[PDB]
Amino acid sequence: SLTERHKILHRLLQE
Amino acid sequence: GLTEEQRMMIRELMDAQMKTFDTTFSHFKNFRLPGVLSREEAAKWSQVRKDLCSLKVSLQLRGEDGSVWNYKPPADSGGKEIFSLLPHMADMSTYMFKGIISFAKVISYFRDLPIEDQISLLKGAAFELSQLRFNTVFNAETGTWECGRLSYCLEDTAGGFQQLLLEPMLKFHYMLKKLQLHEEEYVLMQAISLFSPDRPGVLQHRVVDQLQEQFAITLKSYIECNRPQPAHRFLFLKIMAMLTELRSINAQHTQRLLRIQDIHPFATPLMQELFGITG
Ligand SMILES: O=S(=O)(c1ccccc1)N(CC(F)(F)F)c1ccc(C(O)(C(F)(F)F)C(F)(F)F)cc1
């Protein structure tokens with residue numbers, strides 16, 4: 001997935 | 001003046017800028033530094049040397065006590081010597097990237113988009129937004145990026161000025177700088193770039209496009225309400241021309257970085273995600 005291929009980026013998107 | 005929606009659109013943009021752009025590079029530490037030191041691939045190297053060529057910079061580290069460390073890179077020759085400043089750059093770029101991501105996050109119009117899109121946009125605009133922020137700390141008079149205690153200086157080379165200008169990236173900073181823009185216009189530039197309805201993977205094309213137009217329009221009005229000088233006629237157009245050029249430099253820079261990553265891997269995890277570095 002596009003989300004699944006961007007761990008950190010996504011991980012960084014929510015905090 | 002600007003409509004009341006506009007006036008506050010600029011405010012959320014500015015607020016986001018101020019809360020995520022560490023203009024003094026005070027939180028950028030623990031970074032790497034240069035140490036105190038066959039036909040197919042051959043053509044590859046020839047290209048890499050041409051890719052890292054006129055991007056060569058000197059690094060200065062002004063310390064608290066007043067000490068000053070300075071690093072002059074090696075002139076072209078051999079191999080690996082042309083990659084000695086890559087790991088540090090990867091850390092600067094990554095530090096810059098984290099900021100950009102934060103920037104998009106606090107922006108309300110960005111959050112209300114499907115995460116897939118929010119990623120497509122960040123993926124396709126980071127470098128761009130990073131260049132726009134760096135431009136604000138670029139001293140065209142001395143060809144040096146002044147980043148708090150550390151500064152990056154340009155190394156004079158063949159042809160000199162008219163030659164460097166052959167480097168899109170270099171030309172972009174000098175022309176953009178020439179427009180002596182306001183913080184407001186820089187942040188609008190970032191927004192317009194962030195909300196590019198034409199980035200690959202973007203799902204809600206019609207909505208983003210509606211948003212980019214909203215920002216483009218605010219920038220245009222802002223310029224009218226604040227710079228009526230017939231001299232500033234076309235300023236808005238010059239800026240849009242710039243954003244377009246930047247989008248073109250960004251496409252090449254990615255290809256440029258891959259070629260490098262291919263020969264001498266260096267990108268950080270995050271950079272890999274952002275540039276789609278194969279593995
Ligand atoms: O103006 S730069 O964006 C810059 C980078 C870091 C700190 C201040 C300013 N630009 C400078 C250069 F002079 F080299 F052109 C730049 C753009 C892209 C890069 C790299 O993409 C990477 F990976 F280091 F980020 C690469 F070295 F690969 F080209 C390096 C420098």
# chains A, B, ... in the order shown; residues from 1 in each chain; ligands from 1
call {"tool": "interface_residues", "arguments": {"of": "chain A", "to": "chain B", "cutoff": "7 Å", "atoms": "only C-alpha atoms", "output": "ChimeraX atom specification"}}
result
/A:2-3,6,8-9,13
call {"tool": "closest_residue", "arguments": {"among": "B:49, B:72, B:220, B:88", "to": "ligand 1", "atoms": "only C-alpha atoms and all ligand atoms"}}
result
B:88
call {"tool": "closest_residue", "arguments": {"among": "B:207, B:52, B:176, B:165", "to": "ligand 1", "atoms": "only C-alpha atoms and all ligand atoms"}}
result
B:52
call {"tool": "select_by_dssp", "arguments": {"residues": "stretch 104-255 of chain B", "states": "strand (DSSP E or B)", "output": "NGL selection string"}}
result
:B and (138-139 or 144-147 or 150-154)
call {"tool": "closest_residue", "arguments": {"among": "B:46, B:84, B:136, B:54", "to": "residue B:17", "atoms": "only C-alpha atoms"}}
result
B:136
call {"tool": "atom_distance", "arguments": {"atom1": "atom CA of residue B:245", "atom2": "atom CA of residue B:76"}}
result
28.9 Å
call {"tool": "decode", "arguments": {"residues": "stretch 230-261 of chain B", "atoms": "N, CA and C atoms", "output": "PDB file, in the first residue's frame"}}
result
ATOM      1  N   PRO B 230       3.837  49.944 -10.139  1.00  0.00           N
ATOM      2  CA  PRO B 230       3.799  49.390 -11.497  1.00  0.00           C
ATOM      3  C   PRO B 230       5.008  48.488 -11.754  1.00  0.00           C
ATOM      4  N   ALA B 231       6.021  48.630 -10.899  1.00  0.00           N
ATOM      5  CA  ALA B 231       7.232  47.830 -11.015  1.00  0.00           C
ATOM      6  C   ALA B 231       6.917  46.386 -10.658  1.00  0.00           C
ATOM      7  N   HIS B 232       6.000  46.208  -9.709  1.00  0.00           N
ATOM      8  CA  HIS B 232       5.577  44.889  -9.224  1.00  0.00           C
ATOM      9  C   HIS B 232       4.432  44.267 -10.001  1.00  0.00           C
ATOM     10  N   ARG B 233       4.213  44.793 -11.191  1.00  0.00           N
ATOM     11  CA  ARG B 233       3.202  44.261 -12.082  1.00  0.00           C
ATOM     12  C   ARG B 233       3.899  42.986 -12.570  1.00  0.00           C
ATOM     13  N   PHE B 234       3.164  41.887 -12.700  1.00  0.00           N
ATOM     14  CA  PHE B 234       3.795  40.645 -13.163  1.00  0.00           C
ATOM     15  C   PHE B 234       4.573  39.847 -12.099  1.00  0.00           C
ATOM     16  N   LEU B 235       4.714  40.396 -10.894  1.00  0.00           N
ATOM     17  CA  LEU B 235       5.423  39.693  -9.832  1.00  0.00           C
ATOM     18  C   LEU B 235       4.792  38.319  -9.602  1.00  0.00           C
ATOM     19  N   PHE B 236       3.462  38.306  -9.553  1.00  0.00           N
ATOM     20  CA  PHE B 236       2.744  37.063  -9.344  1.00  0.00           C
ATOM     21  C   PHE B 236       3.121  36.092 -10.456  1.00  0.00           C
ATOM     22  N   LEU B 237       3.138  36.560 -11.697  1.00  0.00           N
ATOM     23  CA  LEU B 237       3.485  35.694 -12.822  1.00  0.00           C
ATOM     24  C   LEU B 237       4.924  35.183 -12.759  1.00  0.00           C
ATOM     25  N   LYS B 238       5.850  36.020 -12.303  1.00  0.00           N
ATOM     26  CA  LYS B 238       7.241  35.610 -12.190  1.00  0.00           C
ATOM     27  C   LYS B 238       7.354  34.465 -11.178  1.00  0.00           C
ATOM     28  N   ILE B 239       6.588  34.572 -10.089  1.00  0.00           N
ATOM     29  CA  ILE B 239       6.608  33.556  -9.057  1.00  0.00           C
ATOM     30  C   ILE B 239       6.036  32.252  -9.587  1.00  0.00           C
ATOM     31  N   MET B 240       4.903  32.314 -10.283  1.00  0.00           N
ATOM     32  CA  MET B 240       4.330  31.084 -10.814  1.00  0.00           C
ATOM     33  C   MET B 240       5.320  30.476 -11.804  1.00  0.00           C
ATOM     34  N   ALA B 241       6.011  31.324 -12.550  1.00  0.00           N
ATOM     35  CA  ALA B 241       6.980  30.824 -13.508  1.00  0.00           C
ATOM     36  C   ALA B 241       8.035  30.039 -12.707  1.00  0.00           C
ATOM     37  N   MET B 242       8.440  30.601 -11.567  1.00  0.00           N
ATOM     38  CA  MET B 242       9.431  29.969 -10.697  1.00  0.00           C
ATOM     39  C   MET B 242       8.974  28.617 -10.166  1.00  0.00           C
ATOM     40  N   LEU B 243       7.745  28.550  -9.655  1.00  0.00           N
ATOM     41  CA  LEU B 243       7.231  27.292  -9.134  1.00  0.00           C
ATOM     42  C   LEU B 243       7.291  26.219 -10.203  1.00  0.00           C
ATOM     43  N   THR B 244       6.967  26.597 -11.431  1.00  0.00           N
ATOM     44  CA  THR B 244       6.996  25.658 -12.544  1.00  0.00           C
ATOM     45  C   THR B 244       8.414  25.170 -12.829  1.00  0.00           C
ATOM     46  N   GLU B 245       9.371  26.080 -12.778  1.00  0.00           N
ATOM     47  CA  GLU B 245      10.759  25.726 -13.010  1.00  0.00           C
ATOM     48  C   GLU B 245      11.205  24.775 -11.890  1.00  0.00           C
ATOM     49  N   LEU B 246      10.805  25.085 -10.657  1.00  0.00           N
ATOM     50  CA  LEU B 246      11.166  24.277  -9.501  1.00  0.00           C
ATOM     51  C   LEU B 246      10.659  22.846  -9.624  1.00  0.00           C
ATOM     52  N   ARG B 247       9.458  22.691 -10.175  1.00  0.00           N
ATOM     53  CA  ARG B 247       8.860  21.379 -10.326  1.00  0.00           C
ATOM     54  C   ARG B 247       9.700  20.579 -11.319  1.00  0.00           C
ATOM     55  N   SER B 248      10.276  21.284 -12.283  1.00  0.00           N
ATOM     56  CA  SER B 248      11.115  20.638 -13.291  1.00  0.00           C
ATOM     57  C   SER B 248      12.484  20.235 -12.728  1.00  0.00           C
ATOM     58  N   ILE B 249      13.031  21.077 -11.853  1.00  0.00           N
ATOM     59  CA  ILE B 249      14.317  20.811 -11.227  1.00  0.00           C
ATOM     60  C   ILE B 249      14.215  19.645 -10.247  1.00  0.00           C
ATOM     61  N   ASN B 250      13.026  19.507  -9.655  1.00  0.00           N
ATOM     62  CA  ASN B 250      12.716  18.476  -8.672  1.00  0.00           C
ATOM     63  C   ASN B 250      12.670  17.095  -9.311  1.00  0.00           C
ATOM     64  N   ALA B 251      12.122  17.031 -10.518  1.00  0.00           N
ATOM     65  CA  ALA B 251      12.034  15.773 -11.251  1.00  0.00           C
ATOM     66  C   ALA B 251      13.425  15.274 -11.599  1.00  0.00           C
ATOM     67  N   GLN B 252      14.295  16.188 -12.014  1.00  0.00           N
ATOM     68  CA  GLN B 252      15.654  15.821 -12.378  1.00  0.00           C
ATOM     69  C   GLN B 252      16.487  15.477 -11.142  1.00  0.00           C
ATOM     70  N   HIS B 253      16.361  16.290 -10.097  1.00  0.00           N
ATOM     71  CA  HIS B 253      17.108  16.060  -8.880  1.00  0.00           C
ATOM     72  C   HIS B 253      16.857  14.669  -8.318  1.00  0.00           C
ATOM     73  N   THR B 254      15.631  14.179  -8.471  1.00  0.00           N
ATOM     74  CA  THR B 254      15.311  12.842  -7.994  1.00  0.00           C
ATOM     75  C   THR B 254      16.122  11.856  -8.829  1.00  0.00           C
ATOM     76  N   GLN B 255      16.056  12.002 -10.146  1.00  0.00           N
ATOM     77  CA  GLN B 255      16.808  11.107 -10.999  1.00  0.00           C
ATOM     78  C   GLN B 255      18.287  11.276 -10.678  1.00  0.00           C
ATOM     79  N   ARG B 256      18.692  12.514 -10.415  1.00  0.00           N
ATOM     80  CA  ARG B 256      20.087  12.780 -10.087  1.00  0.00           C
ATOM     81  C   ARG B 256      20.492  12.004  -8.825  1.00  0.00           C
ATOM     82  N   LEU B 257      19.658  12.096  -7.795  1.00  0.00           N
ATOM     83  CA  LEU B 257      19.956  11.431  -6.541  1.00  0.00           C
ATOM     84  C   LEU B 257      19.962   9.905  -6.670  1.00  0.00           C
ATOM     85  N   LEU B 258      19.077   9.359  -7.495  1.00  0.00           N
ATOM     86  CA  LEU B 258      19.042   7.917  -7.652  1.00  0.00           C
ATOM     87  C   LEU B 258      20.369   7.448  -8.229  1.00  0.00           C
ATOM     88  N   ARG B 259      20.824   8.092  -9.304  1.00  0.00           N
ATOM     89  CA  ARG B 259      22.089   7.715  -9.926  1.00  0.00           C
ATOM     90  C   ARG B 259      23.168   7.648  -8.856  1.00  0.00           C
ATOM     91  N   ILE B 260      23.186   8.644  -7.980  1.00  0.00           N
ATOM     92  CA  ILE B 260      24.162   8.683  -6.906  1.00  0.00           C
ATOM     93  C   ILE B 260      23.936   7.535  -5.927  1.00  0.00           C
ATOM     94  N   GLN B 261      22.708   7.414  -5.440  1.00  0.00           N
ATOM     95  CA  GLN B 261      22.349   6.370  -4.495  1.00  0.00           C
ATOM     96  C   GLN B 261      22.746   5.011  -5.062  1.00  0.00           C
TER      97      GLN B 261
END
